[PDB]
Each structure stands twice: as structure tokens, then as C-alpha cells.
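Take a look at this single chain, the form deposited without its partner chain, given in C-alpha cells.
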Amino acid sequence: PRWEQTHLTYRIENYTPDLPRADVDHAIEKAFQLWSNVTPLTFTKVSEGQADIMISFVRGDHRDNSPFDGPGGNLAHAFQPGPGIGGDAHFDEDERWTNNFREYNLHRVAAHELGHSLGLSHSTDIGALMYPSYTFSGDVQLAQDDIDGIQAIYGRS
């Protein structure tokens, strides 16, 4: 299953007080641009109406079958790309999100969750951001395994 449309939209339900929204929007917009920068897909932010991808922050159990068990376990998750709650993305607001090489980088995890919404799967390539184990990579850029994978599905820009 994949999006049949060539354009998609996204909306943030709220900004966590962990970091200013001005810094979060950039991190999120920067991730979408990295994906569109290599794919003919386009992402438009909407301040009203529904969004193919809804992003929100939740704490502890939030009406889901995958409650967060402390700072351990996964730091976030998303539903398969589909109507209803599908395509939604929840972030563990119990952890401390930062915008640099501190404990964790929100943009690194954001790109990872966005990769799943695109239908991408994990990989054993260390240079792949979809790597299961977290790793600090100087600059955050896409890998060829990821570019060829998303381009193979849609094509070149």
C-alpha cells in the first residue's frame, strides 16, 4: 500500500514545551525537504482541515496498544499509511528532545518515522538513517540505499 497521490500534506497538533515551535517546524520542514529534494513529491503544511500525516506528542499510555514503558523501549512509533489513524505519528514526549548531538536528535528520529510513512523498511547499512540502533552522524543526509529505494518506488525527480 502506498499513497496514490503525488502530493501530501501534514499538520502539527501542538508543540511540546521541550523546544520552541520555531525550532521544531524547521526540523520537521527540513526532513520533508530532504525527502522531496530527491523525490518529485511535494509537502504542504496546513493550519486547518485534516492532513494526510498528523503529527502529535503524547505521554505514557495514550489510548494505544503500545504504551511507553519509561525511557526504555522505542522512543516513538507510527501507524501504517492508511485512512483513519493510519499515517499518524506519535512522539514520546516523556523523553528530552534536543536539536543537536545532545542525548538524542529530534530531526534524526523524525526522518526515521517519515521513512516508515513512505513505506520504507529498516536496513543493515550503517550509513542508513533507517538503522535500528541510534547513531550520531555529523551531518544528517540521506543514503544511496535510501535514495535508490524511494526513487525505485516513484522514480527520479
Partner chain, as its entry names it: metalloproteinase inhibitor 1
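Residue numbers count along the first chain shown, from 1.
The protein also exists as the form solved in complex with its partner chain; that form is not presented, and the subsequent description refers to it.
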Stretch in contact, per heavy atom within 4.5 angstroms of its partner chain in the bound PDB entry, of 109 to 117, 39 to 47, 22 to 30, 53 to 61: 109 to 117
My question is simply whether residue 101 lines the interface with its partner chain in the bound PDB entry - judged by any non-hydrogen atom within 4.5 Å. no
Does residue 86 reach its partner chain in the bound PDB entry if we count a contact as any heavy atom within 4.5 Å? no
Contact test in the bound PDB entry: residue 82 vs its partner chain, heavy atoms, 4.5 Å: no
Taking heavy atoms only, is residue 15 within 4.5 angstroms of its partner chain in the bound PDB entry? no
